[PDB]
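Asks: Okay, handing you the structure first.
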Amino acid sequence: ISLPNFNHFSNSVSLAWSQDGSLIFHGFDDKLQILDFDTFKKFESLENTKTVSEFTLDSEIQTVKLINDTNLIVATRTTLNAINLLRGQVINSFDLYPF
Amino acid sequence: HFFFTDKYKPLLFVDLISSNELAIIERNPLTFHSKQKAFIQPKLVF
Amino acid sequence: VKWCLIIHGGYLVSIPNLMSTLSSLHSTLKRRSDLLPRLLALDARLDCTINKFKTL
Amino acid sequence: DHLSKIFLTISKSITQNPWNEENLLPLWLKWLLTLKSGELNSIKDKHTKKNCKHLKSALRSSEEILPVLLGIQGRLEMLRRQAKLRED
Amino acid sequence: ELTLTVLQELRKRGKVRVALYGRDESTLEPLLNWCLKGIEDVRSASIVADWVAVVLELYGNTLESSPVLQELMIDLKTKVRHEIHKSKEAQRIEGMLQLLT
Amino acid sequence: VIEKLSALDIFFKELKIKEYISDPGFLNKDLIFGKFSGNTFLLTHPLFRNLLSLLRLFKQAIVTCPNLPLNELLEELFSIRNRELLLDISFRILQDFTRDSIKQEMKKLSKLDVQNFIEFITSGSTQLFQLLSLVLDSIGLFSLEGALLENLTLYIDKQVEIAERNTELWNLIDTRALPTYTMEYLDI
């Protein structure tokens, strides 16, 4: 159990799971979290190569889905973004607003 | 001119006791002394 | 329980697994705090009708 | 409907001062509700009821405040007993 | 627990108003006897609160006309203030547990 | 858009002249470079460099900044300006971070600001009371004044009496034939 207690409430929540069980993506409103599984803490990297566990996004996140251990597609309420996991570099982006 | 009231549907005896004091002598037949057990036919309330 | 926490609080600071060692206490106390507010609503309705029939 | 005007002013003043330590205005509201609540509900449908939902939101905020306050009250009683055992 | 179950299932299936429509004082009093036995229990208090709330909001003035049911409400007020004190002290103990964690 | 931001439709024209879901969807699909070049439009970007955000728009950040650290957040909180920033930043920290993280941060925090905050709340809001819970659980049990304890005691007691009475008022606003002989009159 990881138990925060947020005073706000927004059900726009989702989570994805790394295929080996290492980490947990957590799509929260305007926020992407990465959670270690062994301690339910954020992804602490000692090398500090800015693959951080807190990503800012524009709107409420709807889906976060990993296609493998390398590619992650997130669909937030206004758009979609396709990013890598070995490197924290954005690849693709498409608009969801007009539809 | 005249009148008639509907406030006294059970009544045994009406008279003038005095100059103006009336006597309306009613009945409470079922609610008071009989209390006869009626057959239970319930109304579907919901 | 109040006196246990009062006279041995610091040992419960030094123990690492508070939830693991008083899950049952926390569960019962949480249940009572959950019963609290609806009970107070009951109390408001209760003394409402109580003073209502007391004045009439 | 002087009682209704009284209820209007009492509700407005109570919304303006939610944390007033006085008791006379809340006990007036108490007696007025536990006496004439149905006719109070059948006075008006728009403005008095908007005042009712406003005051009910404020008092619900007070209800949200209450249990944490009880928790710190227990913390302070425990700390007072700790101070007593520190003296003895 | 069996009375608790049938209370739950009556409240869930039907409504407590149709459960309590044609009541008099002699059939109100075993309900309230079970209440004075079982409001003190953690598991049932919300359900018993629902039932006593709907029966008071139905039988407001018959409460006045029947005298011993008033005394039931008095001792109910006393024991429910006892539960007030118990639950408030419980929230206090929860606060000091939050201190000690 | 990147070229416009470097050389610097509505926001673009505004930036060019000065030199929001639709805005977010049109300008969030490079972004870090744009934010660095930027550091109104900043407010919109905030709505859509945590040290920079902390060193800095004050209200816009304390309601809608994406990255905000606990240390500068508690420093801005224990600024005793109190322009409703107490309730604002209390909601902000209870939204953003965990109770144990706030506990260890207030363990880091010096005791003098704690005592000043206790004096300020006792002299002149469930987020605030949860913050008092948190600050009590972070200071622990030993170092705290008895006189300040008694002032907080009378404060919390009068507040819990008015809270109880308030809850009772809240739920309170949430709430045979003729006798054997009567004497009645008649009209003509």
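How things are named: the first chain in the structure tokens is A, the next is B, and so on; residues count from 1 in each chain; ligands count from 1 in the order shown.
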Give me, as a ChimeraX atom specification, the contact residues of chain A against chain F at a cut-off of 6 Å, counting only C-alpha atoms.

Replies: /A:4,6-8,58,78,93

Asks: For residue 88 in chain F, please output as a list in words all residues within 8 Å (counting only C-alpha atoms; exclusion window: fewer than 4 positions along the same chain).

Replies: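 Neighbouring residues, sequence-local ones excluded: residues 62, 63, 84 and 92 of chain F.
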
Asks: Show me, as JSON lines, the residues of chain D having an atom within 8 Å of chain E, each with the closest atom pair and its distance in Å, using only C-alpha atoms.

Replies:
{"residue": "D:67", "atom": "CA", "partner": "E:91", "partner_atom": "CA", "distance": 6.9}
{"residue": "D:68", "atom": "CA", "partner": "E:95", "partner_atom": "CA", "distance": 7.5}
{"residue": "D:70", "atom": "CA", "partner": "E:92", "partner_atom": "CA", "distance": 5.5}
{"residue": "D:71", "atom": "CA", "partner": "E:95", "partner_atom": "CA", "distance": 3.8}
{"residue": "D:72", "atom": "CA", "partner": "E:95", "partner_atom": "CA", "distance": 6.0}
{"residue": "D:73", "atom": "CA", "partner": "E:92", "partner_atom": "CA", "distance": 6.3}
{"residue": "D:74", "atom": "CA", "partner": "E:92", "partner_atom": "CA", "distance": 3.9}
{"residue": "D:75", "atom": "CA", "partner": "E:96", "partner_atom": "CA", "distance": 4.8}
{"residue": "D:78", "atom": "CA", "partner": "E:96", "partner_atom": "CA", "distance": 7.1}

Asks: Write out as JSON, numbers by chain which residues come within 12 Å of residue 20 in chain A when counting only C-alpha atoms, dropping same-chain ones fewer than 6 positions away.

Replies: {"A": [36, 37, 68, 69]}

Asks: Within 12 Å of residue 22 in chain A, counting only C-alpha atoms, which residues qualify if same-chain residues fewer than 6 places away don't, as a PDB file with N, CA, C and O atoms, in the first residue's frame?

Replies:
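Wrote it out as around_11.pdb, contents follow:
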ATOM      1  N   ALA A  16      -0.288   2.044 -15.452  1.00  0.00           N
ATOM      2  CA  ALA A  16       0.300   1.027 -16.310  1.00  0.00           C
ATOM      3  C   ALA A  16       1.437   0.335 -15.567  1.00  0.00           C
ATOM      4  O   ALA A  16       1.952   0.842 -14.569  1.00  0.00           O
ATOM      5  N   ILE A  34       5.993   7.808 -11.791  1.00  0.00           N
ATOM      6  CA  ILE A  34       6.644   6.516 -11.947  1.00  0.00           C
ATOM      7  C   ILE A  34       6.939   5.990 -10.553  1.00  0.00           C
ATOM      8  O   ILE A  34       7.575   6.676  -9.748  1.00  0.00           O
ATOM      9  N   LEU A  35       6.461   4.789 -10.261  1.00  0.00           N
ATOM     10  CA  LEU A  35       6.530   4.231  -8.922  1.00  0.00           C
ATOM     11  C   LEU A  35       7.386   2.978  -8.940  1.00  0.00           C
ATOM     12  O   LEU A  35       7.176   2.092  -9.774  1.00  0.00           O
ATOM     13  N   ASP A  36       8.360   2.919  -8.037  1.00  0.00           N
ATOM     14  CA  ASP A  36       9.063   1.671  -7.792  1.00  0.00           C
ATOM     15  C   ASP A  36       8.102   0.659  -7.183  1.00  0.00           C
ATOM     16  O   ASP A  36       7.184   1.012  -6.441  1.00  0.00           O
ATOM     17  N   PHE A  37       8.307  -0.612  -7.514  1.00  0.00           N
ATOM     18  CA  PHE A  37       7.409  -1.639  -7.005  1.00  0.00           C
ATOM     19  C   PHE A  37       7.873  -2.212  -5.671  1.00  0.00           C
ATOM     20  O   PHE A  37       7.045  -2.629  -4.855  1.00  0.00           O
ATOM     21  N   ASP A  38       9.185  -2.227  -5.421  1.00  0.00           N
ATOM     22  CA  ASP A  38       9.700  -2.861  -4.214  1.00  0.00           C
ATOM     23  C   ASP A  38       9.421  -2.052  -2.955  1.00  0.00           C
ATOM     24  O   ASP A  38       9.425  -2.619  -1.858  1.00  0.00           O
ATOM     25  N   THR A  39       9.178  -0.748  -3.081  1.00  0.00           N
ATOM     26  CA  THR A  39       8.959   0.100  -1.920  1.00  0.00           C
ATOM     27  C   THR A  39       7.806   1.079  -2.083  1.00  0.00           C
ATOM     28  O   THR A  39       7.523   1.826  -1.139  1.00  0.00           O
ATOM     29  N   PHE A  40       7.138   1.086  -3.241  1.00  0.00           N
ATOM     30  CA  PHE A  40       6.061   2.028  -3.567  1.00  0.00           C
ATOM     31  C   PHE A  40       6.506   3.479  -3.404  1.00  0.00           C
ATOM     32  O   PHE A  40       5.776   4.328  -2.888  1.00  0.00           O
ATOM     33  N   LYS A  41       7.725   3.757  -3.846  1.00  0.00           N
ATOM     34  CA  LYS A  41       8.280   5.098  -3.892  1.00  0.00           C
ATOM     35  C   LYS A  41       8.530   5.458  -5.354  1.00  0.00           C
ATOM     36  O   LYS A  41       8.461   4.604  -6.241  1.00  0.00           O
ATOM     37  N   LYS A  42       8.802   6.737  -5.605  1.00  0.00           N
ATOM     38  CA  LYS A  42       9.124   7.198  -6.948  1.00  0.00           C
ATOM     39  C   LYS A  42      10.415   6.558  -7.454  1.00  0.00           C
ATOM     40  O   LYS A  42      11.219   6.025  -6.684  1.00  0.00           O
ATOM     41  N   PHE A  43      10.612   6.617  -8.771  1.00  0.00           N
ATOM     42  CA  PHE A  43      11.758   5.950  -9.375  1.00  0.00           C
ATOM     43  C   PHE A  43      13.041   6.708  -9.068  1.00  0.00           C
ATOM     44  O   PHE A  43      13.451   7.595  -9.824  1.00  0.00           O
ATOM     45  N   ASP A  69       8.896  -2.388 -23.125  1.00  0.00           N
ATOM     46  CA  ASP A  69       9.750  -1.711 -22.162  1.00  0.00           C
ATOM     47  C   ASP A  69      10.443  -0.477 -22.741  1.00  0.00           C
ATOM     48  O   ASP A  69      11.352   0.059 -22.098  1.00  0.00           O
TER      49      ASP A  69
END

Asks: Please list as a PyMOL selection string every residue within 12 Å of range 29-39 of chain B, counting only C-alpha atoms and excluding residues in the same chain fewer than 4 positions away.

Replies: (chain B and resi 10-12) or (chain F and resi 176-180)

Asks: Please identify which residues in chain B DSSP calls strand (DSSP E) from the backbone, and express them as a PyMOL selection string.

Replies: chain B and resi 13-16+22-25

Asks: I need the contact residues of chain C against chain E, so if you could list those with any atom within 8 Å, counting only C-alpha atoms, and return them as a PyMOL selection string, that would help.

Replies: chain C and resi 2+5+9-10+12-13+18+26+29-33+35-36+38-40+42-43+45-47+49-50+53+56

Asks: Mind dumping the selected residues with N, CA, C and O atoms as an mmCIF file, in the first residue's frame?

Replies:
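Dumped to again28.cif:
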data_model
loop_
_atom_site.group_PDB
_atom_site.id
_atom_site.type_symbol
_atom_site.label_atom_id
_atom_site.label_comp_id
_atom_site.auth_asym_id
_atom_site.auth_seq_id
_atom_site.Cartn_x
_atom_site.Cartn_y
_atom_site.Cartn_z
ATOM 1 N N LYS C 2 -5.230 4.892 26.005
ATOM 2 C CA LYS C 2 -4.704 6.237 26.201
ATOM 3 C C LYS C 2 -3.473 6.209 27.091
ATOM 4 O O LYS C 2 -2.437 6.785 26.747
ATOM 5 N N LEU C 5 -0.375 4.555 25.227
ATOM 6 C CA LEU C 5 0.285 5.520 24.355
ATOM 7 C C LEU C 5 0.995 6.621 25.130
ATOM 8 O O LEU C 5 2.114 6.990 24.754
ATOM 9 N N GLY C 9 4.887 6.062 24.488
ATOM 10 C CA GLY C 9 4.836 6.619 23.145
ATOM 11 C C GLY C 9 6.147 6.510 22.389
ATOM 12 O O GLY C 9 6.157 6.183 21.200
ATOM 13 N N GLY C 10 7.268 6.777 23.066
ATOM 14 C CA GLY C 10 8.550 6.826 22.379
ATOM 15 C C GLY C 10 8.998 5.478 21.846
ATOM 16 O O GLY C 10 9.685 5.401 20.821
ATOM 17 N N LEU C 12 6.916 3.383 20.620
ATOM 18 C CA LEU C 12 6.177 3.322 19.368
ATOM 19 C C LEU C 12 6.742 4.267 18.316
ATOM 20 O O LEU C 12 6.452 4.096 17.130
ATOM 21 N N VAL C 13 7.548 5.253 18.712
ATOM 22 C CA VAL C 13 8.301 6.002 17.713
ATOM 23 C C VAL C 13 9.474 5.172 17.207
ATOM 24 O O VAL C 13 9.826 5.225 16.022
ATOM 25 N N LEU C 18 4.349 0.353 12.678
ATOM 26 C CA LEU C 18 3.233 0.790 13.511
ATOM 27 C C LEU C 18 1.919 0.217 13.011
ATOM 28 O O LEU C 18 1.100 -0.274 13.799
ATOM 29 N N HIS C 26 -6.274 0.486 15.051
ATOM 30 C CA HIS C 26 -6.608 1.528 14.087
ATOM 31 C C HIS C 26 -7.915 1.229 13.362
ATOM 32 O O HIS C 26 -8.684 2.151 13.077
ATOM 33 N N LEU C 29 -10.875 1.995 15.885
ATOM 34 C CA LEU C 29 -10.981 3.430 16.115
ATOM 35 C C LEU C 29 -11.469 4.153 14.861
ATOM 36 O O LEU C 29 -12.264 5.103 14.949
ATOM 37 N N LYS C 30 -11.037 3.688 13.684
ATOM 38 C CA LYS C 30 -11.525 4.241 12.428
ATOM 39 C C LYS C 30 -13.010 3.965 12.246
ATOM 40 O O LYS C 30 -13.750 4.824 11.752
ATOM 41 N N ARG C 31 -13.464 2.775 12.651
ATOM 42 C CA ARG C 31 -14.887 2.455 12.569
ATOM 43 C C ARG C 31 -15.713 3.369 13.463
ATOM 44 O O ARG C 31 -16.796 3.823 13.071
ATOM 45 N N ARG C 32 -15.210 3.662 14.663
ATOM 46 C CA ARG C 32 -15.942 4.557 15.557
ATOM 47 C C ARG C 32 -16.004 5.979 14.999
ATOM 48 O O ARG C 32 -17.063 6.631 15.034
ATOM 49 N N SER C 33 -14.880 6.470 14.462
ATOM 50 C CA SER C 33 -14.884 7.799 13.856
ATOM 51 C C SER C 33 -15.772 7.852 12.619
ATOM 52 O O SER C 33 -16.306 8.915 12.285
ATOM 53 N N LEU C 35 -18.602 6.071 12.461
ATOM 54 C CA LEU C 35 -19.964 6.095 12.989
ATOM 55 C C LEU C 35 -20.349 7.455 13.550
ATOM 56 O O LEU C 35 -21.545 7.726 13.715
ATOM 57 N N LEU C 36 -19.358 8.283 13.887
ATOM 58 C CA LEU C 36 -19.604 9.590 14.504
ATOM 59 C C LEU C 36 -20.616 10.496 13.786
ATOM 60 O O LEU C 36 -21.638 10.837 14.407
ATOM 61 N N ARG C 38 -22.990 10.544 11.251
ATOM 62 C CA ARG C 38 -24.384 10.143 11.102
ATOM 63 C C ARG C 38 -25.066 10.030 12.456
ATOM 64 O O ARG C 38 -26.253 10.357 12.586
ATOM 65 N N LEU C 39 -24.325 9.590 13.474
ATOM 66 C CA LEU C 39 -24.854 9.600 14.830
ATOM 67 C C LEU C 39 -25.175 11.011 15.295
ATOM 68 O O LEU C 39 -26.199 11.220 15.950
ATOM 69 N N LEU C 40 -24.343 11.996 14.946
ATOM 70 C CA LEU C 40 -24.653 13.365 15.364
ATOM 71 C C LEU C 40 -25.853 13.927 14.606
ATOM 72 O O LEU C 40 -26.630 14.720 15.157
ATOM 73 N N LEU C 42 -28.353 12.038 13.746
ATOM 74 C CA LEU C 42 -29.404 11.414 14.542
ATOM 75 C C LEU C 42 -29.681 12.208 15.811
ATOM 76 O O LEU C 42 -30.838 12.366 16.207
ATOM 77 N N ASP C 43 -28.629 12.709 16.459
ATOM 78 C CA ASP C 43 -28.811 13.490 17.679
ATOM 79 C C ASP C 43 -29.558 14.784 17.405
ATOM 80 O O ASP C 43 -30.397 15.205 18.210
ATOM 81 N N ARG C 45 -31.752 15.339 14.909
ATOM 82 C CA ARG C 45 -33.159 14.999 14.698
ATOM 83 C C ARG C 45 -33.838 14.611 16.010
ATOM 84 O O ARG C 45 -35.002 14.973 16.252
ATOM 85 N N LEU C 46 -33.097 13.929 16.886
ATOM 86 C CA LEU C 46 -33.620 13.464 18.161
ATOM 87 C C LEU C 46 -34.015 14.623 19.058
ATOM 88 O O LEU C 46 -35.162 14.708 19.502
ATOM 89 N N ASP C 47 -33.078 15.529 19.343
ATOM 90 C CA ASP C 47 -33.439 16.609 20.253
ATOM 91 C C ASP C 47 -34.351 17.620 19.571
ATOM 92 O O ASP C 47 -35.097 18.321 20.261
ATOM 93 N N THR C 49 -37.085 16.681 17.630
ATOM 94 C CA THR C 49 -38.431 16.207 17.949
ATOM 95 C C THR C 49 -38.667 16.131 19.455
ATOM 96 O O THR C 49 -39.814 16.257 19.907
ATOM 97 N N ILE C 50 -37.598 15.989 20.246
ATOM 98 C CA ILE C 50 -37.753 15.909 21.693
ATOM 99 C C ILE C 50 -38.199 17.252 22.252
ATOM 100 O O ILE C 50 -39.198 17.334 22.973
ATOM 101 N N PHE C 53 -41.901 17.974 21.086
ATOM 102 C CA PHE C 53 -42.979 17.481 21.935
ATOM 103 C C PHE C 53 -42.866 17.987 23.369
ATOM 104 O O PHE C 53 -43.849 17.906 24.110
ATOM 105 N N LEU C 56 -44.749 21.257 22.859
ATOM 106 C CA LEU C 56 -46.121 20.885 22.537
ATOM 107 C C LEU C 56 -46.288 19.372 22.610
ATOM 108 O O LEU C 56 -46.563 18.821 23.674
#

Asks: Neighbours of residue 7 in chain E within 9 Å (only C-alpha atoms; same-chain residues fewer than 5 positions away dropped), as a ChimeraX atom specification?

Replies: /E:2,12,47-48,51

Asks: With 12 Å as the limit and counting only C-alpha atoms, what residues in chain B lie close to chain F? Please list them as a PDB file with N, CA, C and O atoms, in the first residue's frame.

Replies:
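The resulting file, result.pdb, is reproduced below:
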ATOM      1  N   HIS B   1     -83.791  33.974   4.384  1.00  0.00           N
ATOM      2  CA  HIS B   1     -82.445  33.497   4.667  1.00  0.00           C
ATOM      3  C   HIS B   1     -82.476  32.332   5.646  1.00  0.00           C
ATOM      4  O   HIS B   1     -83.354  32.258   6.507  1.00  0.00           O
ATOM      5  N   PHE B   2     -81.508  31.434   5.510  1.00  0.00           N
ATOM      6  CA  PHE B   2     -81.374  30.277   6.385  1.00  0.00           C
ATOM      7  C   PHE B   2     -79.956  29.740   6.243  1.00  0.00           C
ATOM      8  O   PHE B   2     -79.108  30.345   5.578  1.00  0.00           O
ATOM      9  N   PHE B   3     -79.698  28.597   6.870  1.00  0.00           N
ATOM     10  CA  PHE B   3     -78.390  27.965   6.816  1.00  0.00           C
ATOM     11  C   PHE B   3     -78.551  26.495   7.160  1.00  0.00           C
ATOM     12  O   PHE B   3     -79.601  26.066   7.640  1.00  0.00           O
ATOM     13  N   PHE B   4     -77.489  25.732   6.910  1.00  0.00           N
ATOM     14  CA  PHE B   4     -77.378  24.365   7.406  1.00  0.00           C
ATOM     15  C   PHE B   4     -75.910  23.973   7.419  1.00  0.00           C
ATOM     16  O   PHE B   4     -75.194  24.196   6.440  1.00  0.00           O
ATOM     17  N   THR B   5     -75.465  23.411   8.535  1.00  0.00           N
ATOM     18  CA  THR B   5     -74.067  23.056   8.713  1.00  0.00           C
ATOM     19  C   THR B   5     -73.859  21.570   8.477  1.00  0.00           C
ATOM     20  O   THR B   5     -74.748  20.750   8.711  1.00  0.00           O
ATOM     21  N   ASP B   6     -72.661  21.235   8.007  1.00  0.00           N
ATOM     22  CA  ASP B   6     -72.259  19.852   7.805  1.00  0.00           C
ATOM     23  C   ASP B   6     -71.153  19.440   8.767  1.00  0.00           C
ATOM     24  O   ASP B   6     -70.391  18.515   8.474  1.00  0.00           O
ATOM     25  N   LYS B   7     -71.053  20.106   9.916  1.00  0.00           N
ATOM     26  CA  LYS B   7     -70.007  19.805  10.884  1.00  0.00           C
ATOM     27  C   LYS B   7     -70.397  18.699  11.849  1.00  0.00           C
ATOM     28  O   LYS B   7     -69.551  18.253  12.631  1.00  0.00           O
ATOM     29  N   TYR B   8     -71.654  18.259  11.822  1.00  0.00           N
ATOM     30  CA  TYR B   8     -72.173  17.260  12.752  1.00  0.00           C
ATOM     31  C   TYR B   8     -72.936  16.226  11.931  1.00  0.00           C
ATOM     32  O   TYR B   8     -74.146  16.356  11.726  1.00  0.00           O
ATOM     33  N   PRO B  10     -72.784  12.594  12.678  1.00  0.00           N
ATOM     34  CA  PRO B  10     -73.537  11.805  13.661  1.00  0.00           C
ATOM     35  C   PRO B  10     -74.193  12.708  14.689  1.00  0.00           C
ATOM     36  O   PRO B  10     -73.547  13.607  15.232  1.00  0.00           O
ATOM     37  N   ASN B  20     -79.896  30.714  24.491  1.00  0.00           N
ATOM     38  CA  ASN B  20     -79.120  30.491  23.281  1.00  0.00           C
ATOM     39  C   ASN B  20     -78.275  29.230  23.304  1.00  0.00           C
ATOM     40  O   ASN B  20     -77.913  28.747  22.225  1.00  0.00           O
ATOM     41  N   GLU B  21     -77.961  28.675  24.472  1.00  0.00           N
ATOM     42  CA  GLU B  21     -77.089  27.509  24.537  1.00  0.00           C
ATOM     43  C   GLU B  21     -77.765  26.295  23.916  1.00  0.00           C
ATOM     44  O   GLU B  21     -78.765  25.787  24.435  1.00  0.00           O
ATOM     45  N   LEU B  22     -77.216  25.838  22.800  1.00  0.00           N
ATOM     46  CA  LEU B  22     -77.709  24.669  22.095  1.00  0.00           C
ATOM     47  C   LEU B  22     -77.125  23.406  22.705  1.00  0.00           C
ATOM     48  O   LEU B  22     -76.136  23.440  23.435  1.00  0.00           O
ATOM     49  N   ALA B  23     -77.746  22.284  22.378  1.00  0.00           N
ATOM     50  CA  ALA B  23     -77.247  20.964  22.724  1.00  0.00           C
ATOM     51  C   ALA B  23     -77.263  20.118  21.464  1.00  0.00           C
ATOM     52  O   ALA B  23     -78.339  19.839  20.917  1.00  0.00           O
ATOM     53  N   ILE B  24     -76.076  19.745  20.993  1.00  0.00           N
ATOM     54  CA  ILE B  24     -75.920  18.819  19.881  1.00  0.00           C
ATOM     55  C   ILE B  24     -75.379  17.524  20.462  1.00  0.00           C
ATOM     56  O   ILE B  24     -74.272  17.493  21.010  1.00  0.00           O
ATOM     57  N   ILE B  25     -76.166  16.466  20.354  1.00  0.00           N
ATOM     58  CA  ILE B  25     -75.928  15.203  21.028  1.00  0.00           C
ATOM     59  C   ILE B  25     -75.595  14.195  19.940  1.00  0.00           C
ATOM     60  O   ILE B  25     -76.492  13.711  19.236  1.00  0.00           O
ATOM     61  N   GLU B  26     -74.303  13.903  19.796  1.00  0.00           N
ATOM     62  CA  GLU B  26     -73.729  13.119  18.714  1.00  0.00           C
ATOM     63  C   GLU B  26     -73.507  11.673  19.144  1.00  0.00           C
ATOM     64  O   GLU B  26     -73.950  11.238  20.211  1.00  0.00           O
ATOM     65  N   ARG B  27     -72.804  10.916  18.302  1.00  0.00           N
ATOM     66  CA  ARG B  27     -72.435   9.541  18.600  1.00  0.00           C
ATOM     67  C   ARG B  27     -71.017   9.264  18.123  1.00  0.00           C
ATOM     68  O   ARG B  27     -70.572   9.799  17.106  1.00  0.00           O
ATOM     69  N   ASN B  28     -70.322   8.404  18.868  1.00  0.00           N
ATOM     70  CA  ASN B  28     -69.046   7.823  18.459  1.00  0.00           C
ATOM     71  C   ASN B  28     -69.182   6.305  18.514  1.00  0.00           C
ATOM     72  O   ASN B  28     -68.653   5.654  19.426  1.00  0.00           O
ATOM     73  N   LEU B  30     -68.339   3.393  16.561  1.00  0.00           N
ATOM     74  CA  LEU B  30     -67.328   2.375  16.300  1.00  0.00           C
ATOM     75  C   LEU B  30     -66.006   2.666  16.991  1.00  0.00           C
ATOM     76  O   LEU B  30     -65.357   1.737  17.484  1.00  0.00           O
ATOM     77  N   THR B  31     -65.602   3.934  17.046  1.00  0.00           N
ATOM     78  CA  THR B  31     -64.262   4.288  17.487  1.00  0.00           C
ATOM     79  C   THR B  31     -64.049   4.121  18.985  1.00  0.00           C
ATOM     80  O   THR B  31     -62.897   4.119  19.432  1.00  0.00           O
ATOM     81  N   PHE B  32     -65.115   3.977  19.771  1.00  0.00           N
ATOM     82  CA  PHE B  32     -64.997   4.067  21.219  1.00  0.00           C
ATOM     83  C   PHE B  32     -65.287   2.754  21.935  1.00  0.00           C
ATOM     84  O   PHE B  32     -64.428   2.250  22.664  1.00  0.00           O
TER      85      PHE B  32
END

Asks: Would you mind telling me which residue in F:114, F:73, F:154, F:132 lies nearest to residue 55 in chain F when using only C-alpha atoms?

Replies: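 Under the stated criterion, the closest residue is F:73.
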
Asks: Can you write out as a Markdown table which residues of chain D fall within 9 Å of chain C, alongside each residue's closest atom pair and its distance in Å to one decimal, counting only C-alpha atoms and ordering rows by chain and ascending residue number?

Replies:
| residue | atom | partner | partner_atom | distance |
| --- | --- | --- | --- | --- |
| D:30 | CA | C:48 | CA | 8.4 |
| D:31 | CA | C:51 | CA | 8.7 |
| D:33 | CA | C:48 | CA | 8.2 |
| D:34 | CA | C:48 | CA | 5.3 |
| D:35 | CA | C:52 | CA | 6.3 |
| D:63 | CA | C:37 | CA | 8.4 |
| D:67 | CA | C:33 | CA | 8.1 |
| D:78 | CA | C:6 | CA | 5.9 |
| D:79 | CA | C:6 | CA | 7.8 |
| D:81 | CA | C:6 | CA | 6.8 |
| D:82 | CA | C:6 | CA | 6.2 |
| D:85 | CA | C:7 | CA | 8.2 |

Asks: Quick one: pull the distance between CA of residue 14 in chain E and CA of residue 28 in chain E, Å, one decimal.

Replies: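 CA of residue 28 in chain E lies at a distance of 18.6 Å from CA of residue 14 in chain E.
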
Asks: With 10 Å as the limit and counting only C-alpha atoms, what residues in chain F lie close to chain E? Please list them as number ranges by chain.

Replies: F: 100, 133-141, 175

Asks: At a cut-off of 10 Å, using only C-alpha atoms, what residues contact residue 123 in chain F? Leave out same-chain residues fewer than 5 positions from it and give the result as a VMD selection string.

Replies: chain F and resid 117 to 118 151 to 152 155

Asks: Give me a file of those residues, with N, CA and C atoms, as a tab-separated table (two decimals), in the first residue's frame.

Replies:
chain	number	residue	atom	x	y	z
F	117	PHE	N	3.82	30.27	14.21
F	117	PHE	CA	2.61	29.84	13.52
F	117	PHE	C	1.53	29.41	14.50
F	118	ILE	N	1.93	28.73	15.59
F	118	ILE	CA	0.97	28.33	16.61
F	118	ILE	C	0.38	29.55	17.31
F	151	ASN	N	-2.80	27.52	25.70
F	151	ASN	CA	-3.46	28.45	24.78
F	151	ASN	C	-4.08	27.71	23.60
F	152	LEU	N	-3.32	26.79	23.00
F	152	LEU	CA	-3.87	25.94	21.95
F	152	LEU	C	-4.99	25.05	22.48
F	155	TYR	N	-8.08	27.29	22.76
F	155	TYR	CA	-8.44	27.57	21.37
F	155	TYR	C	-9.19	26.39	20.75

Asks: Quick one, how far is CA of residue 12 in chain F from CA of residue 73 in chain A?

Replies: 28.3 Å

Asks: CA of residue 40 in chain E and CA of residue 25 in chain E, how far apart in Å?

Replies: 23.2 Å

Asks: Identify all residues of chain E in helix (DSSP H, G or I) (DSSP on the backbone) and supply them as a ChimeraX atom specification.

Replies: /E:2-13,16-19,25-38,45-58,60-65,67-100

Asks: Find the residues in chain F near chain C: any atom within 7 Å counts, using only C-alpha atoms. Write them as a VMD selection string.

Replies: chain F and resid 168 171 to 172 175
